[PDB]
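Colleague: One structure, pasted below without further comment.
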Amino acid sequence: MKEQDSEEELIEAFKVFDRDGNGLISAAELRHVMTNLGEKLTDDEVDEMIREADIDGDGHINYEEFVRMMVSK
Amino acid sequence: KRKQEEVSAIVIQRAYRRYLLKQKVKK
């Protein structure tokens with residue numbers, strides 16, 4: 001019906017980089033991490049995903065809303 | 001003490017690929 005190969009993997013994958021404790025990630029550090037790894041994640045592509053994720057106050061980003069909208073729409 | 005951090009970073013990277021794509025079929 002509606003798999004969750006990305007949702008579950010995204011929530012879990014991000015969880016590994018949890019800092020806030022509740023379930024958030026810093027875009028500042030998250031940028032260098034992802035870009036520095038994988039297939040050299042572009043700085044532009046990472047800037048978009050993080051911008052739509054949330055980013056409030058300093059740089060807190062909940063991977064629940066980000067993943068939610070990522071699949072919800 | 002395997003760096004599982006990078007691993008999760010690979011799969012999550014795949015999500016971004018689908019994210020940028022997904023919402024982009026026609027009109």
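Chain labels run A, B, ... following the order of the structure tokens; each chain numbers its residues from 1, and ligands are numbered from 1 in the order shown.
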Counting only C-alpha atoms, which residues of chain A sit at most 10 Å from some atom of chain B, and what is each one's closest atom pair with its distance in Å to one decimal, listed by chain and rising residue number, as JSON lines?
Modeller:
{"residue": "A:5", "atom": "CA", "partner": "B:15", "partner_atom": "CA", "distance": 8.7}
{"residue": "A:6", "atom": "CA", "partner": "B:15", "partner_atom": "CA", "distance": 5.5}
{"residue": "A:7", "atom": "CA", "partner": "B:15", "partner_atom": "CA", "distance": 8.1}
{"residue": "A:8", "atom": "CA", "partner": "B:12", "partner_atom": "CA", "distance": 9.8}
{"residue": "A:9", "atom": "CA", "partner": "B:12", "partner_atom": "CA", "distance": 6.6}
{"residue": "A:10", "atom": "CA", "partner": "B:12", "partner_atom": "CA", "distance": 5.1}
{"residue": "A:11", "atom": "CA", "partner": "B:12", "partner_atom": "CA", "distance": 8.5}
{"residue": "A:12", "atom": "CA", "partner": "B:8", "partner_atom": "CA", "distance": 7.5}
{"residue": "A:13", "atom": "CA", "partner": "B:8", "partner_atom": "CA", "distance": 4.2}
{"residue": "A:14", "atom": "CA", "partner": "B:8", "partner_atom": "CA", "distance": 7.1}
{"residue": "A:15", "atom": "CA", "partner": "B:8", "partner_atom": "CA", "distance": 8.7}
{"residue": "A:16", "atom": "CA", "partner": "B:5", "partner_atom": "CA", "distance": 6.0}
{"residue": "A:17", "atom": "CA", "partner": "B:5", "partner_atom": "CA", "distance": 6.8}
{"residue": "A:30", "atom": "CA", "partner": "B:9", "partner_atom": "CA", "distance": 9.6}
{"residue": "A:33", "atom": "CA", "partner": "B:9", "partner_atom": "CA", "distance": 8.0}
{"residue": "A:34", "atom": "CA", "partner": "B:9", "partner_atom": "CA", "distance": 6.1}
{"residue": "A:35", "atom": "CA", "partner": "B:13", "partner_atom": "CA", "distance": 9.5}
{"residue": "A:36", "atom": "CA", "partner": "B:6", "partner_atom": "CA", "distance": 9.6}
{"residue": "A:37", "atom": "CA", "partner": "B:6", "partner_atom": "CA", "distance": 6.7}
{"residue": "A:38", "atom": "CA", "partner": "B:10", "partner_atom": "CA", "distance": 5.5}
{"residue": "A:39", "atom": "CA", "partner": "B:10", "partner_atom": "CA", "distance": 8.5}
{"residue": "A:41", "atom": "CA", "partner": "B:13", "partner_atom": "CA", "distance": 7.7}
{"residue": "A:45", "atom": "CA", "partner": "B:16", "partner_atom": "CA", "distance": 8.2}
{"residue": "A:46", "atom": "CA", "partner": "B:16", "partner_atom": "CA", "distance": 8.3}
{"residue": "A:48", "atom": "CA", "partner": "B:20", "partner_atom": "CA", "distance": 9.2}
{"residue": "A:49", "atom": "CA", "partner": "B:16", "partner_atom": "CA", "distance": 7.1}
{"residue": "A:67", "atom": "CA", "partner": "B:15", "partner_atom": "CA", "distance": 8.9}
{"residue": "A:69", "atom": "CA", "partner": "B:19", "partner_atom": "CA", "distance": 9.4}
{"residue": "A:70", "atom": "CA", "partner": "B:19", "partner_atom": "CA", "distance": 5.9}
{"residue": "A:71", "atom": "CA", "partner": "B:19", "partner_atom": "CA", "distance": 7.6}
{"residue": "A:73", "atom": "CA", "partner": "B:23", "partner_atom": "CA", "distance": 6.8}
Colleague: Which polymer residues have any atom within 6 Å of an atom of stretch 53-63 of chain A, counting only C-alpha atoms, with same-chain residues fewer than 5 positions away left out, as a PyMOL selection string?
Modeller: chain A and resi 23-27
Colleague: Based on the backbone DSSP call, show me all residues of chain A assigned strand (DSSP E), as a list in words.
Modeller: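 Secondary structure check on chain A, strand (DSSP E): residues 24, 25, 26, 60, 61 and 62 of chain A.
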Colleague: To one decimal place, how far is atom CA of residue A:2 from atom CA of residue A:65 in Å?
Modeller: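 The value is 17.9 Å.
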Colleague: Just how far from atom CA of residue A:22 is atom CA of residue A:1, in Å to one decimal?
Modeller: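 According to the coordinates, atom CA of residue A:1 and atom CA of residue A:22 are separated by 29.5 Å.
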Colleague: What's the separation between atom CA of residue A:72 and atom CA of residue A:3, in Å to one decimal place?
Modeller: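 Separating atom CA of residue A:72 from atom CA of residue A:3 is a distance of 12.1 Å.
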Colleague: Using DSSP on the backbone coordinates, identify all residues within chain B classified as helix (DSSP H, G or I); present the result as JSON, numbers by chain.
Modeller: {"B": [4, 5, 6, 7, 8, 9, 10, 11, 12, 13, 14, 15, 16, 17, 18, 19, 20, 21, 22]}
Colleague: Please dump the current selection as a JSON list (two decimals), in the first residue's frame; keep N, CA, C and O atoms.
Modeller:
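That gives us result.json:
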[["chain", "number", "residue", "atom", "x", "y", "z"],
["B", 4, "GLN", "N", 28.98, 3.59, 12.68],
["B", 4, "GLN", "CA", 27.62, 3.45, 12.17],
["B", 4, "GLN", "C", 27.05, 4.78, 11.71],
["B", 4, "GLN", "O", 26.10, 4.82, 10.92],
["B", 5, "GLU", "N", 27.62, 5.88, 12.20],
["B", 5, "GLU", "CA", 27.16, 7.22, 11.83],
["B", 5, "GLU", "C", 27.15, 7.41, 10.32],
["B", 5, "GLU", "O", 26.14, 7.81, 9.74],
["B", 6, "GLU", "N", 28.28, 7.11, 9.68],
["B", 6, "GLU", "CA", 28.40, 7.26, 8.23],
["B", 6, "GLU", "C", 27.39, 6.37, 7.51],
["B", 6, "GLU", "O", 26.77, 6.79, 6.53],
["B", 7, "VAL", "N", 27.21, 5.15, 8.00],
["B", 7, "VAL", "CA", 26.27, 4.21, 7.40],
["B", 7, "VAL", "C", 24.88, 4.82, 7.27],
["B", 7, "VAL", "O", 24.32, 4.92, 6.18],
["B", 8, "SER", "N", 24.32, 5.26, 8.40],
["B", 8, "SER", "CA", 23.01, 5.88, 8.41],
["B", 8, "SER", "C", 22.98, 7.10, 7.49],
["B", 8, "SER", "O", 21.94, 7.47, 6.96],
["B", 9, "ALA", "N", 24.15, 7.72, 7.31],
["B", 9, "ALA", "CA", 24.27, 8.88, 6.44],
["B", 9, "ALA", "C", 24.11, 8.50, 4.98],
["B", 9, "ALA", "O", 23.66, 9.31, 4.16],
["B", 10, "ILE", "N", 24.46, 7.26, 4.64],
["B", 10, "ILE", "CA", 24.34, 6.79, 3.27],
["B", 10, "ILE", "C", 22.88, 6.56, 2.91],
["B", 10, "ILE", "O", 22.39, 7.05, 1.90],
["B", 11, "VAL", "N", 22.17, 5.80, 3.76],
["B", 11, "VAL", "CA", 20.76, 5.52, 3.52],
["B", 11, "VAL", "C", 19.95, 6.81, 3.50],
["B", 11, "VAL", "O", 19.12, 7.02, 2.61],
["B", 12, "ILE", "N", 20.18, 7.67, 4.49],
["B", 12, "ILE", "CA", 19.46, 8.93, 4.57],
["B", 12, "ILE", "C", 19.70, 9.77, 3.32],
["B", 12, "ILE", "O", 18.82, 10.51, 2.87],
["B", 13, "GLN", "N", 20.89, 9.62, 2.74],
["B", 13, "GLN", "CA", 21.24, 10.33, 1.52],
["B", 13, "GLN", "C", 20.32, 9.88, 0.38],
["B", 13, "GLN", "O", 19.91, 10.68, -0.46],
["B", 14, "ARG", "N", 19.99, 8.59, 0.39],
["B", 14, "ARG", "CA", 19.10, 8.02, -0.62],
["B", 14, "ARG", "C", 17.73, 8.67, -0.52],
["B", 14, "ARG", "O", 17.06, 8.90, -1.53],
["B", 15, "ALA", "N", 17.32, 8.99, 0.70],
["B", 15, "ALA", "CA", 16.03, 9.62, 0.94],
["B", 15, "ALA", "C", 15.97, 10.98, 0.25],
["B", 15, "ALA", "O", 14.96, 11.32, -0.38],
["B", 16, "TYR", "N", 17.05, 11.75, 0.35],
["B", 16, "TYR", "CA", 17.12, 13.06, -0.27],
["B", 16, "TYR", "C", 16.92, 12.96, -1.78],
["B", 16, "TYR", "O", 16.26, 13.79, -2.39],
["B", 17, "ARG", "N", 17.50, 11.92, -2.37],
["B", 17, "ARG", "CA", 17.38, 11.69, -3.81],
["B", 17, "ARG", "C", 15.92, 11.54, -4.21],
["B", 17, "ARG", "O", 15.47, 12.12, -5.20],
["B", 18, "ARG", "N", 15.18, 10.77, -3.42],
["B", 18, "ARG", "CA", 13.76, 10.55, -3.68],
["B", 18, "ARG", "C", 12.96, 11.80, -3.35],
["B", 18, "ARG", "O", 11.95, 12.10, -4.00],
["B", 19, "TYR", "N", 13.41, 12.54, -2.35],
["B", 19, "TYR", "CA", 12.75, 13.77, -1.93],
["B", 19, "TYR", "C", 12.72, 14.78, -3.07],
["B", 19, "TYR", "O", 11.66, 15.28, -3.45],
["B", 20, "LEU", "N", 13.89, 15.08, -3.62],
["B", 20, "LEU", "CA", 14.01, 16.03, -4.72],
["B", 20, "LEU", "C", 13.25, 15.54, -5.95],
["B", 20, "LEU", "O", 12.73, 16.34, -6.73],
["B", 21, "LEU", "N", 13.18, 14.22, -6.11],
["B", 21, "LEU", "CA", 12.49, 13.63, -7.24],
["B", 21, "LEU", "C", 10.99, 13.54, -6.98],
["B", 21, "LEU", "O", 10.22, 14.35, -7.50],
["B", 22, "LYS", "N", 10.60, 12.55, -6.16],
["B", 22, "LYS", "CA", 9.21, 12.27, -5.77],
["B", 22, "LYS", "C", 8.19, 13.31, -6.24],
["B", 22, "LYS", "O", 7.43, 13.06, -7.17]]
